[PDB]
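Protein chains in written order, with the entry's author numbering: chain A, 43 to 91, 100 to 268, 1002 to 1165, 297 to 372; chain B, 8 to 13.
Heads up, the thing below is written out as structure tokens.
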Amino acid sequence: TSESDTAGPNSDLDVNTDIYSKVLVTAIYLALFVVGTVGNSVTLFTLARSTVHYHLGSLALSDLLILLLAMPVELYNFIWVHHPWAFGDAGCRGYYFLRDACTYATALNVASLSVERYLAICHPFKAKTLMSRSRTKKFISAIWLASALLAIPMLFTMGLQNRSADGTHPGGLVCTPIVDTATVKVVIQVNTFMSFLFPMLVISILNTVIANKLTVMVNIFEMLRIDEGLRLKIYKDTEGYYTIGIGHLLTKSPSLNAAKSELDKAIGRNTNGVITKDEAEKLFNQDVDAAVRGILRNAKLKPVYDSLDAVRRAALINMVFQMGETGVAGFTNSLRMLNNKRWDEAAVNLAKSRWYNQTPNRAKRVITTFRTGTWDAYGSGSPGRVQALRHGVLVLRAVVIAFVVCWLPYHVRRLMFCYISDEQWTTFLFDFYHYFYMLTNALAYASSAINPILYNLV
Amino acid sequence: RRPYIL
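In structure tokens, the structure reads:
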């Protein structure tokens, strides 16, 4: 009415958020937009010049698109001027489509980034030969393609709507879901589960598995470098064979030139019968996963290996390294004792075996490891290598913590929007929801500035 | 009054 009143009967759409909080959120938003712009750009710019950056570069793009596309509009029509929507029906359908499609791309990348890491650390014989530049290329194109398909429902759920008390007005046009609560409910759930819960489970599970493998590699390194011995020259095995390094069986052929011949199909130089320390650990890392694979494809060794902690797994690998998959699987009562976590019982029975009599000094160190779950029988260890272990664990935790700290309140807010029915919305829940809106999204935007810092420390 | 901003 009036045609002379601009702010008409739109009182039911008003939001009572203070201008002081608006100033604070805008300042917080300006800080996040500045850091996130440079951080994601520098990561994206320096990339254009080991395919683990293709995922990092993909993540660096999606975080930047969130700051450039969704942040300005939200700062105007969702923070400062809640109504009316100043971008039309096409803008209403387009904004919520892109904001969700890019949110998927970030969440799916964060998951896919840790998937490649899991395939790089926990499985060295399935990735070194199977991943190509072409596979990783299209794998990322599928991430963006699936993210755009999952955001298609937003083109139908959202839309322009006039909620002014007057039949017609301009100040009543709002960008709100144009479907019933049941349809809004289903759309928000599938969105919430797919992005939030799929990564959160995939991120936290795979990262926990990565932390154990890295701890095993730190434990198995010193245990075998002490018992098996590190020798940079060719020496004769106890059984009369040619070995080198950390017990790298070269060949059973008695020809020394043939042993020198095979000694460098893996090393890559001519050497003339000598290798370096860094080369020995490369042969060691290959010989370790071979023992790990035989343990995993064995049904008599895997249940024991799974129930053991990181330290006791190294003791098992220590035994598999010396005797083989069959020789260790010959132990059948002790493995069941190790499976029941009866350490003192298993420690005594192994002291009866032939393997304990052949190498008494080493067997006690392996047995003592099964007793205490610590490597104290091998000393304190190398502090330089063991600290890099502690670094990577906290980084894996940071990736999990940042994803939940930044995106849990965001999805929780949208659940409030559709699950609190009409009868439960008091005046306080309305004002809280809009103050709650500022906090959840500032945390959501923070991931666009935090990720270029975390994932560039990996 | 349910909110309209998602």
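Positions of the beta carbon are idealized from the N, C-alpha and C atoms, including for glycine.
Worksheet item: Can you tell me whether A/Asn355 is buried or exposed, with buried defined as 16 or more other CB within 10 angstroms of its CB?
Response: buried
Item to complete: Have a look at A/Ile116 and A/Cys152 and give me their C-alpha separation to the nearest angstrom.
Response: 7 Å
Worksheet item: Got a sec, what are the start and stop residues for the beta strand (DSSP E) A/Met208 sits in?
Response: 208-212
Practice prompt. State the DSSP-derived secondary structure class of A/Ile228, mapped to helix, strand or coil.
Written response: coil
Item to complete: Compare the C-alpha of A/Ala312 against each of A/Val102, A/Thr1026, A/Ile367 and name the closest.
Response: A/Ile367
Worksheet item: A/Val65 to A/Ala360, Cα distance in whole Å?
Response: 18 Å
Fill in: Outcome for A/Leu55 when other beta-carbon atoms lying within 10 angstroms are tallied against a minimum of 16
buried
Discussion item. Quick test of your reading: A/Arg1148 and A/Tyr1139, contact by CB under 8 Å. State the CB separation rounded to the nearest angstrom.
Written reply: 11 Å between Cβ atoms; not a contact.
Practice prompt. Report the residue from A/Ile70, A/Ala161, A/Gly144, A/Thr43 whose alpha carbon sits nearest the alpha carbon of A/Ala316.
Written response: A/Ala161
Discussion item. At the level of alpha carbons, what is the spacing between A/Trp321 and A/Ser362?
Written reply: 11 Å
Worksheet item: Do A/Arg299 and A/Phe1004 have their CB atoms nearer than 9 Å?
Response: yes
Discussion item. Does the contact criterion of 3 or more C-beta pairs under 8 Å hold for the stretch 77-88 of chain A versus the stretch 241-255 of chain A?
Written reply: no
Item to complete: With DSSP as the reference, please indicate the residues paired to A/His325 in a beta bridge.
Response: DSSP output for A/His325 lists no bridge partner at all.
Worksheet item: Nearest chain C C-beta to A/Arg213 closer than 9 Å, yes or no?
Response: Among the protein chains of the structure shown, namely A and B, there is no chain C.
Worksheet item: Hey, A/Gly1028 and A/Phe1067 are a contact pair by Cβ (cut 8 Å); roughly how many whole angstroms apart?
Response: 6 Å
Discussion item. If distances are taken between C-alpha atoms only, which option among A/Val1094, A/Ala1146, A/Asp1127, A/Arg1125 comes closest to A/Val1111?
Written reply: A/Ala1146
Worksheet item: What residues are listed by DSSP as bridge partners for A/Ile1027?
Response: A/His1031
Worksheet item: Should A/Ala1063 and A/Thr1152 be called a contact, given that it needs their Cβ atoms to be closer than 9 Å?
Response: no
Discussion item. So, does the stretch 1008-1021 of chain A touch the stretch 1048-1063 of chain A, judging by three or more C-beta pairs under 8 Å?
Written reply: yes
Worksheet item: Between the stretch 222-238 of chain A and the stretch 325-335 of chain A, are three or more C-beta pairs nearer than 8 Å?
Response: yes
Practice prompt. Examine the Cβ distances between the stretch 155-173 of chain A and the stretch 120-139 of chain A and report whether three or more of them are shorter than 8 Å.
Written response: no
Worksheet item: Between which two residues does the alpha helix (DSSP H) harbouring A/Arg1008 extend?
Response: 248-1010
Worksheet item: CA-CA distance, A/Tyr347 and A/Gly138?
Response: 24 Å
Practice prompt. Give the secondary structure of B/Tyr11 by DSSP, where H, G and I count as helix, E and B as strand, and everything else as coil.
Written response: coil
Discussion item. Looking only at its chain, what residues have a beta carbon closer than 8 Å to the beta carbon of A/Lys1083, apart from the 5 residues adjacent to it on each side?
Written reply: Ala1112, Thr1115, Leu1118
Discussion item. Can you confirm whether A/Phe128, when its beta carbon is compared against all beta carbons of chain B, has any partner nearer than 9 Å?
Written reply: yes
Fill in: As assigned by DSSP and simplified to three states, the class of A/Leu1015
strand
Practice prompt. Counting only runs of 4+ residues fully inside the stretch 1018-1095 of chain A, write out the alpha helix (DSSP H) ranges in chain order.
Written response: 1039-1045, 1060-1079, 1085-1090
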